[PDB]
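Top to bottom, those sequences are chains A, B, C, D, E and F.
All letters in the first sequence, in the order written, are residues 1 to 15, 53 to 228 by the UniProt record's numbering.
All letters in the second sequence, in the order written, are residues 2 to 204 by the UniProt record's numbering.
All letters in the third sequence, in the order written, are residues 2 to 142 by the UniProt record's numbering.
All letters in the fourth sequence, in the order written, are residues 2 to 245 by the UniProt record's numbering.
All letters in the fifth sequence, in the order written, are residues 2 to 174 by the UniProt record's numbering.
All letters in the sixth sequence, in the order written, are residues 2 to 108 by the UniProt record's numbering.
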Amino acid sequence: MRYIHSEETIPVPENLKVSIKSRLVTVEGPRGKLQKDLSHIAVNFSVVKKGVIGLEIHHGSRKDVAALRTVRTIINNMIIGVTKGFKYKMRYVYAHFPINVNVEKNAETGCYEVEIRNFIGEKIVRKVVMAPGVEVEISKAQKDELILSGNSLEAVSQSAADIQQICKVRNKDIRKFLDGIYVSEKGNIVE
Amino acid sequence: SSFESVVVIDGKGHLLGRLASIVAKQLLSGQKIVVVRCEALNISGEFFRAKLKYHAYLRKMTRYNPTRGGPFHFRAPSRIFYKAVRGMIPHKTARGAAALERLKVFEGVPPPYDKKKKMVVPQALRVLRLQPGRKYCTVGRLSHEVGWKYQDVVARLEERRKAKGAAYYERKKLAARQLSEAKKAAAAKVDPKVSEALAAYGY
Amino acid sequence: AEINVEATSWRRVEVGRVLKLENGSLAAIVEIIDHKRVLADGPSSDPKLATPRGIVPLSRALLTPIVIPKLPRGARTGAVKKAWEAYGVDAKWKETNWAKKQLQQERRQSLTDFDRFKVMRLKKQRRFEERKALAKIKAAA
Amino acid sequence: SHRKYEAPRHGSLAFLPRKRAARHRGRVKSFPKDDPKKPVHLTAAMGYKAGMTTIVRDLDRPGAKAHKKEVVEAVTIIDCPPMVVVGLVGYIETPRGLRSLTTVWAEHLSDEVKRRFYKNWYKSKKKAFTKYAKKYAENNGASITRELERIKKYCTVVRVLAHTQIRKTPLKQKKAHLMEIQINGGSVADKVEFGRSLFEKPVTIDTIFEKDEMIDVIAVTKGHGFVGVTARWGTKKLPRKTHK
Amino acid sequence: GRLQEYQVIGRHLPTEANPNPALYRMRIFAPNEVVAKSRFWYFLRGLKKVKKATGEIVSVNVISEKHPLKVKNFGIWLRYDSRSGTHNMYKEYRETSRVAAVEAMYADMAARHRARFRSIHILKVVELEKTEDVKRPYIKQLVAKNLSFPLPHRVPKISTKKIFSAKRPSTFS
Amino acid sequence: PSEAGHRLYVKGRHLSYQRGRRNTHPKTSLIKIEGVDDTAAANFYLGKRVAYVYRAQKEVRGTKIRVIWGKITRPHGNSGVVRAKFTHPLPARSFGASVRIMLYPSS
RNA sequence: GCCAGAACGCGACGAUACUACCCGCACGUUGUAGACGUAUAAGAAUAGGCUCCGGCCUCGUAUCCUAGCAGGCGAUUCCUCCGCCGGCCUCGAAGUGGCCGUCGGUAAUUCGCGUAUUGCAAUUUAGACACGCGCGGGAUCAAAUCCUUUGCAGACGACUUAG
RNA sequence: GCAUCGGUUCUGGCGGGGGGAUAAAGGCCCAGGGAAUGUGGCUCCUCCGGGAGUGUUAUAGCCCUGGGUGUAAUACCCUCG
Ligand SMILES: [Mg+2]
Ligand SMILES: [Mg+2]
Ligand SMILES: [Mg+2]
Ligand SMILES: [Mg+2]
Ligand SMILES: [Mg+2]
Ligand SMILES: [Mg+2]
Ligand SMILES: [Mg+2]
Ligand SMILES: [Mg+2]
Ligand SMILES: [Mg+2]
Ligand SMILES: [Mg+2]
Ligand SMILES: [Mg+2]
Ligand SMILES: [Mg+2]
Ligand SMILES: [Mg+2]
Ligand SMILES: [Mg+2]
Ligand SMILES: [Mg+2]
Ligand SMILES: [Mg+2]
Ligand SMILES: [Mg+2]
Ligand SMILES: [Mg+2]
Numbered sequence: 001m002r003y004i005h006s007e008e009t010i011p012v013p014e015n053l054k055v056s057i058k059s060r061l062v063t064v065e066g067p068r069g070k071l072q073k074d075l076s077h078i079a080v081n082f083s084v085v086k087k088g089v090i091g092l093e094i095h096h097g098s099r100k101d102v103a104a105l106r107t108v109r110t111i112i113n114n115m116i117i118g119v120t121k122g123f124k125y126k127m128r129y130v131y132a133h134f135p136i137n138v139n140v141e142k143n144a145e146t147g148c149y150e151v152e153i154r155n156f157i158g159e160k161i162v163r164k165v166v167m168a169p170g171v172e173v174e175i176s177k178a179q180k181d182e183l184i185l186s187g188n189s190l191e192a193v194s195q196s197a198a199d200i201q202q203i204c205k206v207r208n209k210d211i212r213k214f215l216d217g218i219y220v221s222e223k224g225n226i227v228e
Numbered sequence: 002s003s004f005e006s007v008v009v010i011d012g013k014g015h016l017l018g019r020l021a022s023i024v025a026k027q028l029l030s031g032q033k034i035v036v037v038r039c040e041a042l043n044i045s046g047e048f049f050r051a052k053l054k055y056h057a058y059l060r061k062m063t064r065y066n067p068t069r070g071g072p073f074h075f076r077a078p079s080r081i082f083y084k085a086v087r088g089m090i091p092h093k094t095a096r097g098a099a100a101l102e103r104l105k106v107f108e109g110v111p112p113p114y115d116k117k118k119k120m121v122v123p124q125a126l127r128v129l130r131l132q133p134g135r136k137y138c139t140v141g142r143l144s145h146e147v148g149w150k151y152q153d154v155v156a157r158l159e160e161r162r163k164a165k166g167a168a169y170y171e172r173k174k175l176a177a178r179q180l181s182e183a184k185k186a187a188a189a190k191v192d193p194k195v196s197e198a199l200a201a202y203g204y
Numbered sequence: 002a003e004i005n006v007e008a009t010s011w012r013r014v015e016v017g018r019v020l021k022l023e024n025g026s027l028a029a030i031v032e033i034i035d036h037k038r039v040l041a042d043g044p045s046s047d048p049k050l051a052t053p054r055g056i057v058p059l060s061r062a063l064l065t066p067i068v069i070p071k072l073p074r075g076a077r078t079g080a081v082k083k084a085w086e087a088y089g090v091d092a093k094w095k096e097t098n099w100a101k102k103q104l105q106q107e108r109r110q111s112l113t114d115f116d117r118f119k120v121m122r123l124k125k126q127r128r129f130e131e132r133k134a135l136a137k138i139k140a141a142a
Numbered sequence: 002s003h004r005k006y007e008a009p010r011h012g013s014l015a016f017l018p019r020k021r022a023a024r025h026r027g028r029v030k031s032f033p034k035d036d037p038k039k040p041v042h043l044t045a046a047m048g049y050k051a052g053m054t055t056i057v058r059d060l061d062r063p064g065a066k067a068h069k070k071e072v073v074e075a076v077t078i079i080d081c082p083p084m085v086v087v088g089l090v091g092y093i094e095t096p097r098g099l100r101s102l103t104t105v106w107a108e109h110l111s112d113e114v115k116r117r118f119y120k121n122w123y124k125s126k127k128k129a130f131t132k133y134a135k136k137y138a139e140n141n142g143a144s145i146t147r148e149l150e151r152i153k154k155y156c157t158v159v160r161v162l163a164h165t166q167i168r169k170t171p172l173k174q175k176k177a178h179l180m181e182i183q184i185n186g187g188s189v190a191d192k193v194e195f196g197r198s199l200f201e202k203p204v205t206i207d208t209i210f211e212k213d214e215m216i217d218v219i220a221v222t223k224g225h226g227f228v229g230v231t232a233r234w235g236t237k238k239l240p241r242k243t244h245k
Numbered sequence: 002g003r004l005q006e007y008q009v010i011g012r013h014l015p016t017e018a019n020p021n022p023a024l025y026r027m028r029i030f031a032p033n034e035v036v037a038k039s040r041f042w043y044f045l046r047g048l049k050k051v052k053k054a055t056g057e058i059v060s061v062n063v064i065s066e067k068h069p070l071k072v073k074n075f076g077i078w079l080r081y082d083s084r085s086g087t088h089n090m091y092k093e094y095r096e097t098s099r100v101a102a103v104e105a106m107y108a109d110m111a112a113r114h115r116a117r118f119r120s121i122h123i124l125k126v127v128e129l130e131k132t133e134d135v136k137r138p139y140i141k142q143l144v145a146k147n148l149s150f151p152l153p154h155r156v157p158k159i160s161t162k163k164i165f166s167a168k169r170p171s172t173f174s
Numbered sequence: 002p003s004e005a006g007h008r009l010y011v012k013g014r015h016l017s018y019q020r021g022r023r024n025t026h027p028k029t030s031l032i033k034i035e036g037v038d039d040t041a042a043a044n045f046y047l048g049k050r051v052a053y054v055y056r057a058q059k060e061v062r063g064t065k066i067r068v069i070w071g072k073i074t075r076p077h078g079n080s081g082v083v084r085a086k087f088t089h090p091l092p093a094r095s096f097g098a099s100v101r102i103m104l105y106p107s108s
């Protein structure tokens, strides 16, 4: 069973410009520029109206049609990021040993670096370097927060997961030892 | 069909096993073949599938002495393509041995074989055979993870010859532009009746 | 909201679209059976372009730029002919590049040996005047 | 059936082909990785081995048992008369490896190096580099300066040809030893300029190495004629009552 | 295979006790009339107590499509044997004649269910007169209003004897 | 002046003998003619004459070149290959050599 | 990193007596997995490209070259195309191409003489790579092994040395 | 080597005859009855391409039954050259 016509649409607000060439999407707006390569998917791009982008697949199978909605939301994420940005929050969870962090500034390049000390009273100093375009801050709103912000959802989220995955307890019951750093909220910079 | 003195095949975009079957038939007929850019060939299926196939190949070796008789595992992209062709020729006879002498394989484009016309075999092109949505790999990448050492050297040299060819294109473009004006200028002025006589003949 | 899209655009398989069969024949689509087969016919006065009514597989057809407007779906042979002449399909196809290329080929397979010699001598006469003009432009540079 | 009690194998298969070395002089196979931000410098030397002796010094290793106490260690002494630079070589990168395309020599060669090119030097005519020397002082050495310009243009690594002065040792041999030493430096133009300025000049080992530096030694080990399995690999001897 | 529809009429041999026996008629799809008769005796042996040795064939004819140039939808009722047990289905096809649907059905069942010709019985074939009596969703999409679609990525045809082309082909036919 | 060539024949290649999968028959051969693809086009060359010329070592009657003569018998397969029969079977080392196809018995 | 180095895998350099080496053309005993117009250089995408910016693309079913005793001798005509040399530039993946100049040849048009007899078919002995030779010109004036010796080596050869 | 024949055999092209629902379809003409993936009109919405509703030939056409032109043409099967 092959479906003749499957179609989706993406609206575009009257603030930014988008251009597609050889299945390479470039989105540019007030807060910067992003690029994505979609040469691995057979999709037909078109201009439906004055401010609407259309995409469709012809004679596709059930498995092939599945990727059509995946592509639509990825491009929509790019539009959101260039006009509203993204913002993640993290919290410290400890029982006895306080956790100390040091978000030192740019290390002669655009990358930020985060140092974590005194995890469950260990002598390791463990270091993680963020992806370019991501800025890490120590919150002043209230205690024990790390705030990550940027333009692209993929880079901000993966870097946040890097911090969470590095603080792990080994050879212990993890239902009792809840030590670590966890993400708690996802949202945009504006509003 | 046609008989040339020698034919040069550009290897980029050709399936490994389908190109080797065409080549092995031509060699036994009497043709001479030269295959260029063996590092840009293709194999159908995901890359991980090809790696496992090669690892099973590497496990074979003569037990009592590994310096004799054992399957020698060549690691270069041209040598991988050569092994495929050698399995389709009776290489243990004088007739088969003579056929292999009509074949040359290289990585990149050596100086003798640039400044030449490179043919394409359409029964092995990937874009005309594989179903869209399937997965494929590159022979050049597979050689990297088995011990090929000169990947970056070939990449640098190929960038040089492609820069030289860009200047050659500009001269070729200018020549065609000048030839077009001559035909427009000459045909109007001189020939009174040769035009329509040629036109009725299909030229 | 500037949007620039550089993507391909094919020709649709609709009703009224005229195909070109392998042996130089034209047929107008009147009904779609599957994604692989259609029902088509072409009523043409010229016996070389005319084709009977029947089913044609889509893998032996080429899509020409001509499309007949407002052709009713599933029409009979009589109604198709009325629109075929009114739209002037025969005259429209004659001036396309595909038709000219086919005609330019046909004159070449029918050449007498004496006539092959004749075209070689005429080509040299035109070739002589080409090199004179080419050298003049090249010298000026 | 399986082996009764387990035990590791005798010997190592890494150094497996146990044949006599092809050449008497030790051969260097790799050089330190080049870095174009350091000043130009040589990376090897070569000398003759004298013997061993004993020293005494105090140790500085905090937390150890012998910290701040005298220790006794054995050392080795290497005779090292200065070397003389003779020429330089250039290499290029190819899809089959490295290869040398040019080489230039100095105008005058000592009788030590010329002995190396002959097997019966005493009854020869000693015409080793006679015709090559005329390339100097001929069109102001146009041929020589042509090759040097080529190396600055096409090469990626540069080596230097040097030899030892064996006449300054108590050795009976008069034939010198020759080798190539790679120059690791800022640029190819800098490498050749530094190398060319050292023609027929001596270089001392203190310019190459310096104190408390960690180095490597390459040579050919002491030989024994033809031995059985017991001493060659180190297997257990059979009982006293074994026949044959 | 390549089929065509027949009608075949049989009869029990008349006897002194029962002159003028009854007449039975069937519709059979078969490549030729030699196997058309053979299938008639096979189906009749499962309904009445008549054999070929004690029967005779009255008439065999060929039924041809009334309008072989009109597109129409068909529905087929059938039973078959699997590797364990027997089952009933109902499938649909879209084409111009009755004969081709049986040809299409035989190829379809052989692929999707591995059912051979030996183990398929055809119960009834009927042409769907209206458009709202179409059930299966792979035919509903073919009767949508103003149907039209392009044909992307179609390989050009090149002679199988012409090796060593001189330029890269294109797939924008 | 007169820069043209001198050719009045069609060139072909000697492929192999006539064989099954393990038995070969040197009586008849297979020849691939240049430019012929289908068996309809191969019908034009039925009955024509073909020649095989090669170099010897000794001179016999004013030349060092010998010839073996034959003619085309019937088509072979669907790809335009043809069968031929010579006065002597071909030397069996010429698998890949070239032969000349004339146009003597015309029309 | 480290160990061996294909004894039929490859590169740079030194000195080369005996014509073994280089240059010129002169023939030809002799060799070959097989000349007969052995004519054609962009890169990249294939759900997109090329361009002279006007347009063009299913198609190499294309383009270049192609007449004359196996291609003669003259004329009317025409500034095209091809070749051997020479000088400057350039080319390193297994080093190639360009520009200028002298000389020799040349149906784009139209003609005049010559062809027979190979007898009604019989390869149209014609290409470029090697190699053996013959002249007359140029440059050049070397090494290795045995033998005696050494012990950093060793069953004997071999290896490290000295004469 | 060619021409004229004999035996065996492979492979192209052309002219006829018969059969079936005396093919079925199909083109043009006559008579009757229907419907929708509803043409033109008419209503409403959208200016942003157009969409929705009503209703049986009009400024498009399609489906079903009977008859004429007919001993129509063609496909498939068989047969004389
Ligand atoms: Mg525990
Ligand atoms: Mg092993
Ligand atoms: Mg071996
Ligand atoms: Mg045991
Ligand atoms: Mg000893
Ligand atoms: Mg021991
Ligand atoms: Mg005993
Ligand atoms: Mg070796
Ligand atoms: Mg001699
Ligand atoms: Mg001149
Ligand atoms: Mg001489
Ligand atoms: Mg006969
Ligand atoms: Mg008839
Ligand atoms: Mg309406
Ligand atoms: Mg009727
Ligand atoms: Mg009638
Ligand atoms: Mg009738
Ligand atoms: Mg009739």
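Beta carbons: idealized from backbone N, C-alpha and C, even for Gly.
Where A/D199 and A/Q179 are concerned, what is the direct C-alpha to C-alpha distance, given to the nearest angstrom?
If you take the alpha carbons of A/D199 and A/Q179, they lie about 23 Å apart.
What's the C-alpha gap between residue 143 of chain C and A/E93?
No answer is possible for residue 143 of chain C: it lies beyond the span of chain C, which begins at 2 and ends at 142.
Pick from E/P22, E/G86, E/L70 and E/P69: whose alpha carbon is nearest that of E/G56?
Out of E/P22, E/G86, E/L70 and E/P69, E/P22 has the C-alpha closest to the C-alpha of E/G56.
Near F/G21, which residues of its chain fall below 8 Å by C-beta distance, leaving aside the five closest residues on each side in sequence?
Within the same chain, no Cβ atom closer than 8 Å to the Cβ of F/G21 is found once the five residues on either side in sequence are excluded.
C-alpha distance - C/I4 paired with A/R68, whole-angstrom precision:
The alpha-carbon separation between C/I4 and A/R68 amounts to approximately 18 Å.
Spatial distance of D/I78 from D/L199 (CA atoms)
Rounded to the nearest whole angstrom, the CA to CA distance from D/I78 to D/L199 is 28 Å.
Exposure of E/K92, with buried meaning 16 or more beta-carbon neighbours within 10 Å:
The residue is buried, with at least 16 neighbouring Cβ atoms inside 10 Å.
Distance cutoff 9 Å, beta carbons only. Does B/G203 sit that close to anything in chain C?
Proximity of B/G203 to chain C, defined by a Cβ-Cβ separation below 9 Å, is satisfied.
Helix, strand or coil for A/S83 per DSSP?
In this structure, DSSP gives A/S83 an extended state, which the three-state scheme calls strand.
Kindly indicate if chain E contains any beta-carbon less than 9 Å away from that of B/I10.
Chain E contact via Cβ: present.
Between the stretch 62-96 of chain A and chain B, which residues of the former have a C-beta closer than 8 Å to a C-beta of the latter?
Result list: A79.
May I ask whether a heavy atom of ligand 1 can be found less than 8 Å away from the beta carbon of A/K209?
Yes, since a heavy atom of ligand 1 falls inside the 8 Å radius drawn around the Cβ of A/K209.
May I ask you to list, following chain order, the residues of the stretch 141-164 of chain E that have a beta carbon less than 9 Å from some beta carbon of chain F?
So the list reads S160, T161, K162 and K163, given in the order they occur along the chain.
Less than 8 Å separating the Cβ of D/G235 from some heavy atom of ligand 6?
Yes, ligand 6 has a heavy atom inside 8 Å of this Cβ.
Leaving out five residues before and five after A/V12 in sequence, what residues of the same chain have Cβ atoms less than 8 Å from its Cβ?
Around A/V12: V55, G88, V89, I90 and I116.
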